[PDB]
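Per chain, numbering begins at 1; letters A, B, ... match sequence-line order. Counting starts at 1 for both ligands and their atoms, following the listed order. In what follows, every heavy atom counts, from backbone to side chain, and hydrogens, waters and symmetry copies are set aside.
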Amino acid sequence: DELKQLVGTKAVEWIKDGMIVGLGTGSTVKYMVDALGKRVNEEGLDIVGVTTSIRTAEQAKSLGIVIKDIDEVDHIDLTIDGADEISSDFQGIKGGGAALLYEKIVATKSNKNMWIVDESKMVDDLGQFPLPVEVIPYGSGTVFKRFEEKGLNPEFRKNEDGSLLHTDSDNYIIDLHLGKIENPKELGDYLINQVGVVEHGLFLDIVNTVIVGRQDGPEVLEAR
Amino acid sequence: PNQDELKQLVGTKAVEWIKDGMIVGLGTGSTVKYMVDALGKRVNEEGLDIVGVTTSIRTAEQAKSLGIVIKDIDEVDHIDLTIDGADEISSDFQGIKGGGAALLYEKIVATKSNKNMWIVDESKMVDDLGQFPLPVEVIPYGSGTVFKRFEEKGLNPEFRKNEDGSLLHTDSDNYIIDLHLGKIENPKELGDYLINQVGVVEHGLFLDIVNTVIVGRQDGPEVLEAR
Ligand SMILES: [K+]
Ligand SMILES: [K+]
């Protein structure tokens with residue numbers, strides 16, 4: 001929590017008056033949103049937020065931040081979100097919290113993307129964290145069998161009570177337990193070209209800046 | 001009229017490919033309607049034994065009303081043959097589908113199927129695809145943004161509406177944007193672009209899929225072996 005809070009506080013230095021800002025999810029982002037509300041309510045910062053989730057929208061609105069729908073703004077200047085893993089090549093896995101689709105829709109509209117993470121999220125190669133894939137329910141068992149045959153070690157995502165998780169768009173999630181993803185661009189191409197795959201959790205050539213929480217403070221890394 | 005008679009002709013001709021014990025994918029549309037009627041006849045009046053796998057809620061409603069057994073696609077381990085319609089078939093046997101808004105489940109079923117047969121009246125045969133607007137199935141969240149990207153890309157998009165003017169919802173509860181492209185000279189490139197767009201679930205280009213086409217002509221059905 002200590003690392004998350006220094007990073008969330010540092011991140012809001014990137015926000016400028018007049019901006020439209022995408023706000024992501026996670027414990028790390030929660031600290032950032034609190035520090036953003038601080039600036040809005042003490043320093044007169046004027047901005048509009050777009051969020052990847054309800055929980056964040058409700059937090060931002062309780063702080064007096066104006067939130068609009070994605071299709072109500074003509075651009076997003078900067079989106080600040082967390083990540084489940086970030087590799088040495090600055091490719092990400094996201095959607096551990098099941099919102100990979102809306103996260104990618106917000107990221108794609110955004111001019112810049114910043115990810116804020118503690119040190120434990122930085123890996124050499126992606127793949128220890130299971131890769132989520134959003135799948136149309138009808139035929140999802142057959143998609144699962146294709147993934148099993150390819151060697152991707154698929155598992156359907158469950159709610160705490162063991163029922164199938166349904167996403168915001170009413171799809172299922174299949175997590176792939178891959179171990180190591182040496183070629184994420186090849187895997188992403190395979191996945192998106194499978195019938196019934198709506199989106200996957202590889203966020204490739206997206207993040208521009210990363211802020212990493214280390215024991216000695218936040219470190220800023222430029223990706224692209 | 002003449003067009004209904006051609007659709008009737010190919011729908012009746014198509015059911016000859018159906019044999020006892022097959023698992024058959026059932027398409028969607030006004031031509032498929034005749035085929036499902038013909039299949040029902042063979043089931044109820046000839047004791048033909050098969051299992052159907054549907055591509056839309058409409059087709060399942062028709063098949064159930066006829067006593068055709070329908071199984072979920074994930075309850076069958078293979079599909080022998082799928083018989084569906086098409087909005088356009090090009091001279092190299094590529095298709096546009098989705099005029100009936102069922103492109104996604106149509107493509108899911110076709111992909112499981114060992115063989116795919118399309119049944120059409122002669123008006124469906126084109127040299128190049130594209131006069132018929134290309135349907136694209138899109139996630140609702142962010143779909144105005146997607147629409148604007150297509151507009152900027154010069155793709156002439158239009159959201160699919162019901163007859164009352166409200167937005168059409170597909171069986172999976174997505175929207176459809178039809179693209180008024182006029183002529184599509186490189187459909188593989190176009191398919192690749194569309195599927196790579198965030199928020200696009202599936203598109204109506206059905207490339208290197210169809211095996212057999214039955215075309216209803218003025219002098220009868222012509223069977224074309226595509227691949
Ligand atoms: K896909
Ligand atoms: K897509």
Side-chain angles (χ1 to χ4, degrees), chain A residues 52 70 92-95 99-110 131-147 150 152 154 167-174 176 184-206, chain B residues 55 73 95-98 102-113 134-150 153 155 157 170-177 179 187-209:
Chain A
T52 60
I70 189 163
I93 290 168
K94 286 169 63 48
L100 55 153
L101 178 59
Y102 284 16
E103 291 172 344
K104 206 177 275 194
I105 290 174
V106 173
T108 297
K109 200 176 191 163
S110 294
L131 172 60
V133 185
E134 183 155 346
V135 176
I136 294 292
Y138 186 64
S140 60
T142 303
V143 172
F144 183 96
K145 184 52 156 95
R146 289 183 184 113
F147 292 167
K150 192 134 154 114
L152 312 174
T167 67
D168 298 302
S169 293
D170 247 291
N171 296 131
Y172 294 149
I173 293 297
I174 294 172
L176 301 183
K185 288 176 176 205
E186 196 282 329
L187 176 62
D189 194 67
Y190 167 73
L191 292 169
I192 205 71
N193 276 99
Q194 284 296 126
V195 71
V197 170
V198 175
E199 188 48 79
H200 54 69
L202 293 168
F203 275 56
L204 300 184
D205 293 352
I206 286 177
Chain B
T55 55
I73 185 172
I96 291 178
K97 289 177 51 52
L103 59 154
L104 175 59
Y105 287 3
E106 284 167 352
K107 202 178 277 184
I108 284 168
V109 174
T111 299
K112 194 165 192 176
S113 301
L134 174 66
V136 186
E137 185 148 347
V138 304
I139 291 292
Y141 178 74
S143 59
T145 300
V146 180
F147 181 96
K148 298 192 95 130
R149 291 185 184 112
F150 290 163
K153 168 99 178 167
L155 300 179
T170 69
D171 294 344
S172 291
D173 251 85
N174 296 132
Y175 299 145
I176 292 177
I177 298 171
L179 302 179
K188 292 189 157 97
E189 181 174 43
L190 179 61
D192 186 68
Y193 158 85
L194 288 169
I195 205 67
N196 277 96
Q197 291 319 110
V198 174
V200 169
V201 181
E202 190 44 77
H203 55 75
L205 298 159
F206 279 63
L207 309 181
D208 298 351
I209 285 165

Please work out which of the three classes, parallel, tilted or perpendicular, describes the rings of B:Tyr141 and A:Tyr102, given edges at 30° and 60°.
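Aromatic pair A:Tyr102/B:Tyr141 classed parallel.
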Validation row: B:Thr111, A:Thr142 side chains within 4.5 angstrom (heavy atoms):
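A side-chain contact is absent here, since even the closest heavy-atom pair is not under 4.5 Å.
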Is the shortest side-chain heavy-atom distance between B:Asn174 and B:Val138 below 4.5 Å?
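Side chain of B:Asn174 against side chain of B:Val138, heavy atoms only: no contact under 4.5 Å found.
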List the residues meeting ring-ring contact (aromatic ring centres under 6.0 Å, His included) with A:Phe147, not counting sequence neighbours, and say none if there are none.
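Listed in chain order: nothing, the list is empty.
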Please determine whether side chain to side chain contact (heavy atoms under 4.5 Å, CB included) holds for the pair A:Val197 and A:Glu134, giving the CA-CA distance in whole Å, both sets of side-chain angles, and the decisive distance to 0.1 Å.
CA-CA 6 Å; A:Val197 170; A:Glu134 183 155 346; over 6 Å; no
Out of B:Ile176, B:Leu179, B:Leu205, which residue meets the side-chain contact (heavy atoms from CB on, under 4.5 Å) rule with B:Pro135?
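Considering B:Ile176, B:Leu179, B:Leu205, a side-chain contact (heavy atoms from CB on, under 4.5 Å) with B:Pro135 is found only for B:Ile176.
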Please give me the protein atoms (N, O or S only) lying under 3.4 Å from the K ion (ligand 2), ordered by chain and number.
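As for protein N, O or S atoms lying under 3.4 Å from the K ion (ligand 2), they are B:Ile195 O, B:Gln197 O, B:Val200 O.
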